[PDB]
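Inspection log for the structure reproduced underneath, given as structure tokens.
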Amino acid sequence: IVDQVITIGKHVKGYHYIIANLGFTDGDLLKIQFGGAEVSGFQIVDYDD
Amino acid sequence: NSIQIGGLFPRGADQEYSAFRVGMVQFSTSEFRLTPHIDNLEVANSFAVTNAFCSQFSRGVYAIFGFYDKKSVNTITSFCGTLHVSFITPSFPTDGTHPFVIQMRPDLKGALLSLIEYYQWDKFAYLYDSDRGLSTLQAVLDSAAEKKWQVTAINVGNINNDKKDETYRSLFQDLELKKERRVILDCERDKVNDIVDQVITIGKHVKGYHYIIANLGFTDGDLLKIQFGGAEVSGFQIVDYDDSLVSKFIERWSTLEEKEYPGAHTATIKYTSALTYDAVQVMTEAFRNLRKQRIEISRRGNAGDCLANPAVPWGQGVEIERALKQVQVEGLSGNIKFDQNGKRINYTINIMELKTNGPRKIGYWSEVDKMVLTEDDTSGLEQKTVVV
Amino acid sequence: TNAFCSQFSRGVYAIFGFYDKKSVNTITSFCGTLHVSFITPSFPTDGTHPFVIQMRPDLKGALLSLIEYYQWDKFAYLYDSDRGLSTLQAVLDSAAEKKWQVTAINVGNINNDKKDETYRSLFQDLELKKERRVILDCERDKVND
Ligand SMILES: *[C@@H]1O[C@H](CO)[C@@H](O[C@@H]2O[C@H](CO)[C@@H](O[C@@H]3O[C@H](CO)[C@@H](O)[C@H](O[C@@H]4O[C@H](CO)[C@@H](O)[C@H](O)[C@@H]4O)[C@@H]3O)[C@H](O)[C@H]2NC(C)=O)[C@H](O)[C@H]1NC(C)=O
């Protein structure tokens, strides 16, 4: 879905995407890291522990 | 019969050498066969270029077909001009007048200029490459005073692959100071793909932006990634796949085995490879005209070292050059004919506009006619005009 | 190339000479492989090149710092093609970092017969923007003209 959002260019400033799963940091986020859209998610495996 | 010809290729040339072999097979008549001596070496190092040129000269070649980079242009031109050796190259044409060189690639500066005239651009960005030659950059800089444009030229060529992601993002953040939406990329397809990837990463490929690819390899690079972004992409293509000749050539090209001929099974061919094929054709027709006019070419052996205190250039090479420049044939690049200097005259460069369906032939340009073909939609798709 | 290989066959230890826009690539690639020392007072090569000693210092930063000192925002740049486009590329790249409107004209490729006409037409074309600040990147012999 993120790849498709990138292809259509709907990941720029203004858009807001919330990932509704406990796998936020396991998947690569660098492709939308610089798009502009504010992405938010959830993580159960805190690597800082 | 067996005409020894030189074949200097870069080590990274694969589809170009494949098209050279396909052209060698297609035009190997029983009247005479062209035997090529292939030398794969580093195109950048001018010392190795000089060594290979003097090796071919010591072997006794009649016409050298090769490529060159910004370092080797002067050595090749100054060696072929003095030693009277014929040279054929699909690379970028030399700036000015240079003899004994047949540049298969046509002149694209007027094409980009006429396209800017058609789009009516007054302020845009120009990301240029240093290795591709500053000829087009000088032409647009000189036109920036005749027609008064505010162009922002950036040398993106000198970037390191380690700091690649950082330099490109900083470049586009610096280009957002003027809020630039119109960008022209004067780079090779291999680098244009990276620039497009970075534009996709930063999200500057949405509606509003306009990107012009300033090279004859528009369809060679993958355009489907920016096909649906929203930004109107436009470029230039010399190898028109809609041609019946090009279609019949691609029919055999795709069916060829990928193991023996590298990069041949594809349906799209790079413009450099097609220009290599057409150069082989032009060489064959040149030697055929030399046989038709009963002009005997012969070396008997070798005159000696290219380096000499008495400069000894063999005369018959002039006739070979004249026969090369006189040939007017039809090939993958369209109409192929050369003038007294060796540049391409009377050519057909198609202007493509990437829509949602894909690459669309929006027009074509020539040396005499600027922006002719107004085919398909003539501004009549989704307009919605309410009659009051 | 002929003179360089003649000196190499003679047995020189270090060659002191000059080069033009055409021959530079031949010299650098010949001294680099044959490990022969070269010294030249001409313009420095763009980038890093070994076995070459350029006596001339780098002037790009001097012109850039002088433009910063004079506080110029819109000017003309009449450059020479034979003298190398290094300074022109440096000022074009700085024209986005510091945002300048530079009008670069290639005055280098002009004929001595049509000299007065090409120059008068160039300055008449530069009066469209009413440019008063001009930078001349040419050799002294041409700067006098
Ligand atoms: C289809 O193709 C035809 C042949 O290729 C072409 O006819 C050519 O037309 C052009 C312009 O009309 C002619 O160009 C001139 O060439 C002569 C020398 O041959 C010169 O008068 C001049 O160039 C000179 O040579 C140098 C060029 O760099 C330069 O140093 C000189 O100062 C001077 O400029 C013109 O450029 C050309 O000769 C014609 N060819 C022939 C064989 O007669 C058709 O126009 C073309 N048609 C279409 C529709 O494309």
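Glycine also receives a Cβ, built like all others from the backbone with ideal geometry; neighbour counts cover every protein chain displayed. What follows draws every value from the coordinates through simple rules; no lab data is involved.
In terms of its Cα atoms, the range B:240-387 spans 82, 42, 33 Å along the principal axes, sorted from long to short.
Each listed q (0.16, 0.22 Å⁻¹) maps to a log10 I(q)/I(0) for the range B:106-203, found by the Debye formula over equal Cα scatterers with no solvent: -0.71, -1.28. The residues B:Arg288, C:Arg120, when put in order of fewest to most other Cβ atoms within 10 Å, stand as C:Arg120, B:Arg288. For the peptide B:141-151, the mean number of other protein chain Cβ atoms found within 10 angstrom of a residue's Cβ is 4. Legend: translational diffusion of the range C:95-145 by Stokes-Einstein, Rh = Kirkwood radius over C-alpha pairs, 37 °C, 0.692 mPa s; D = 261 µm²/s. What the Cα convex hull of chain B gives, in volume per residue, is 171 Å³. Residue ranges A:2-11, B:129-138 sort as B:129-138, A:2-11 when ordered by packing (mean number of other C-beta atoms within 10 Å per residue, highest first). Of the beta bridges in chain B, as assigned by DSSP with both residues counted there, near 35 percent are antiparallel.
Only alpha carbons enter this Debye calculation for the range B:143-292, each as an equal point scatterer, and the log10 of I(q)/I(0) it gives at q = 0.12, 0.15, 0.18 Å⁻¹ is -0.68, -0.93, -1.13.
Roughly how crowded by other chains is peptide C:93-105, in terms of the mean Cβ count from those chains within 10 Å of each of its Cβ atoms? Write out the running numbers ahead of the final one.
Details: counts 7, 0, 5, 10, 3, 0, 4, 1, 4, 5, 8, 8, 6.
Per residue, the average neighbour count from other chains is 5.
Site pair C:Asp116 and C:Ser9 shows an inter-label distance of 5.0 nm when each label is modelled 7 Å from Cα along Cα→Cβ. For the residues of C:27-40, the average number of beta carbons from a partner chain within 10 Å of their own beta carbon is 2. Our compactness index for the range B:223-294, the C-alpha radius of gyration over the empirical 2.2 N^0.38 Å, is 1.51.
Say the cut-off is 23 Å between C-alpha atoms; which of B:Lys225/B:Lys270; C:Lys60/C:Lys142; B:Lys147/C:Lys21; B:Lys337/C:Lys22; B:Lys123/B:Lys361 go over it?
Values: B:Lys225/B:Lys270 19 Å; C:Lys60/C:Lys142 19 Å; B:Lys147/C:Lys21 30 Å; B:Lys337/C:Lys22 28 Å; B:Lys123/B:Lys361 26 Å.
B:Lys147/C:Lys21; B:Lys337/C:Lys22; B:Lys123/B:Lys361, as the Cα separations exceed 23 Å there.
If you wrap chain A in the convex hull of its Cα atoms and look at it from every side, the mean projected area works out to 3.5 nm². Relative contact order of chain B: 19 percent, from C-alpha pairs under 8 Å at least 6 residues apart in sequence. Taking the charge dipole of the range B:198-322 about its Cα centre, with +1 at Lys and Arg Cβ atoms and -1 at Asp and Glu Cβ atoms, the residue from B:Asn289, B:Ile200, B:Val239 reaching farthest to the positive side is B:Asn289.
A straight line joining the Cα centroids of the range C:90-139 and chain A runs 50 Å.
I need to check one value: relative contact order of chain C, counting alpha carbon pairs closer than 8 Å and at least 6 residues apart, in percent. Walk me through the numbers on the way to the answer.
On the way: 151 pairs, mean separation 28.7, N = 145.
Value for chain C: 20 percent.
Springs between Cα atoms under 10 Å define the GNM used for chain C, and in it the highest mean-square fluctuation of C:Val12, C:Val91, C:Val102 occurs at C:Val12. Taking Cα centre as origin and charging only the Cβ of basic (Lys, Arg, +1) and acidic (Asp, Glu, -1) residues, the dipole magnitude of the protein assembly as shown rounds to 1340 debye.
Any idea what % of Cα-Cα pairs in the range B:36-151 are farther than 25 Å? Walk me through the numbers before you get to the answer.
Numbers: 2366 of 6670 pairs.
Of the Cα pairs, 35 percent sit more than 25 Å apart.
Debye calculation, C-alpha points only, no solvent: report log10 I(q)/I(0) for the range B:263-326 at q = 0.14, 0.16, 0.19, 0.25 Å⁻¹, in the same order as the q values. Scattering profile of the range B:263-326, log10 relative to I(0): -0.63, -0.73, -0.84, -1.04.
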